[PDB]
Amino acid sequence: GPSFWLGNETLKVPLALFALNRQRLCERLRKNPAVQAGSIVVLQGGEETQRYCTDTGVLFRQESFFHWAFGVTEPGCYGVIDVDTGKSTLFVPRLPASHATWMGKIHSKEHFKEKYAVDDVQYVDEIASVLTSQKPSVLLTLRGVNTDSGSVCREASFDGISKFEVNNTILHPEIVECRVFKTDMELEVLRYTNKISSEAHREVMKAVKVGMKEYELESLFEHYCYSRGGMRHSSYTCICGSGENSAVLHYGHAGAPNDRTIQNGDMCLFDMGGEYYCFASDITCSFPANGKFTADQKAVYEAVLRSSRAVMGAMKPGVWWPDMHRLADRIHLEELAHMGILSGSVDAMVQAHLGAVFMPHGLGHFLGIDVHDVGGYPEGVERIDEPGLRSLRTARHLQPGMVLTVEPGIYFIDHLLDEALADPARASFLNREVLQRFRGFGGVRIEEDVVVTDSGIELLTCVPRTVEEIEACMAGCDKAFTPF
């Protein structure tokens, strides 16, 4: 069958991937006792947008549920799936003649049917008529709450839909649950996004020089990913934190736009991941700007390397993700005590939630078509109201096919440290005279992407990780990638 491909060495993604997702969705819906025979899933694709009131077009990236089901790159589409038969119909815009002048070839419906391997293609202006003739019992539309944004996913609508019976409650939890478990075809794409992003991270480590701006490495990363990987988008805005900025978890946004000069002695924390055909990656590498770890940098870094590998070594089906978060906390506290930043009973530190002072974010999250992927908190799974753990993007138990980031870190964040020092229950553990040396250190985060397997995990990421590996990588002479 047909495949998506951007040529050269980029990955061929079979459109059969999306056909399988549609099949899996139907199979799950058929098992739901509330779903009536003759139901039709109706999804609305993303539309083209502009900057504010201007005619400046924004590059179109497909809505994630619609992509998951259909893999369609064009704006203005709808897609439907007959639940009982699995038959798929794509609706494409009926374009005006001038499209041929300004935008490109006006493809036929047959072209799209062949391109996407759906059962039928019709024009968008005919959706009401086509759905009417199919005599559905109910239209199943998509509405639910994203548990990372808190936003409500907005259901499909079209002129004439009011003539139909519409249910907007059944679909969302079911299609979310399908997205949580990656097919082998999806895993091949995530292996690829991790491959290219790993290569790009390595090029960045090789290219970093004292005196560069953070954004020069953001630029290089995205250039490698696009030109060599066909990744036109990043999965999220690149986080290129040097020095104290490495303590800022989502650094790099418009308000703090990767505009610091990298200085001798800085730690770098680069959290970047290219996106291919709307599939994510998310990798974080931490390393000394000047290519040589100081003793303090080595100690902090190897603490996070220890929790990283301990968590990965413990992950397997049945493991409760919050237990892995707490494992990382305990290891960080042990290591920080060995360094002399902390003193006392680590058991007592844990009871006082001291780990969250140093790692205020969740250990890791589902990853897929969205970098913070759906399904972390389905009905019945509750958010734990404790420091650190409350930022976990899932409290589920691990099962095969789940894809997770594993991203422990240790940071020196002034307002968290100061809070802790004011609290007698935590302050006794902190050795101020030692901690003072680490103010402005920033932080270390080591982020791998992994798949849960029957017996443990598969590691998707491949970057240097030991102190020796990193120093060797940065000292490498290889001009494998030299723009200009």
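In this text, the rigid core denotes the largest set of C-alpha atoms whose superposition between the two forms falls within 1.5 Å. Note that residue numbering begins at 1 and tracks the sequence as displayed.
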C-alpha RMS from this form in 4 other deposited structures of this protein, rigid core superposed: larger for 90-98 or 399-407?
90-98
By Cα RMS to this form in 4 other deposited structures of this protein after fitting the core, the stretch ranking higher of 100-108 and 115-123 is 100-108
Determine, for stretches 241-249 and 216-224, which one has the higher mean CA B-factor as deposited.
241-249
Going by the B-factors listed in the PDB entry, is the mean over the C-alpha atoms higher for 140-148 or for 195-203?
140-148
Checking the entry, which one of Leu392, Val166, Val189, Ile262 has the top C-alpha B factor?
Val166
Among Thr284, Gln122, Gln297, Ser308, highest Cα B-factor in the entry goes to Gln122
Among the modelled residues of its chain, the C-alpha B-factor of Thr183 falls in the third labelled middle
When the modelled residues of the chain are sorted by Cα temperature factor, does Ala337 land in the lowest, middle or highest third?
middle
Per the entry's values, where does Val381 land by CA temperature factor relative to the rest of its chain, in the lowest, middle or highest third?
highest
Comparing against every modelled residue in the chain, figure out the third that the C-alpha B-factor of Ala289 lands in (lowest, middle or highest).
middle
Based on the entry's values, in what third of the chain does the Cα temperature factor of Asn258 lie: lowest, middle or highest?
lowest
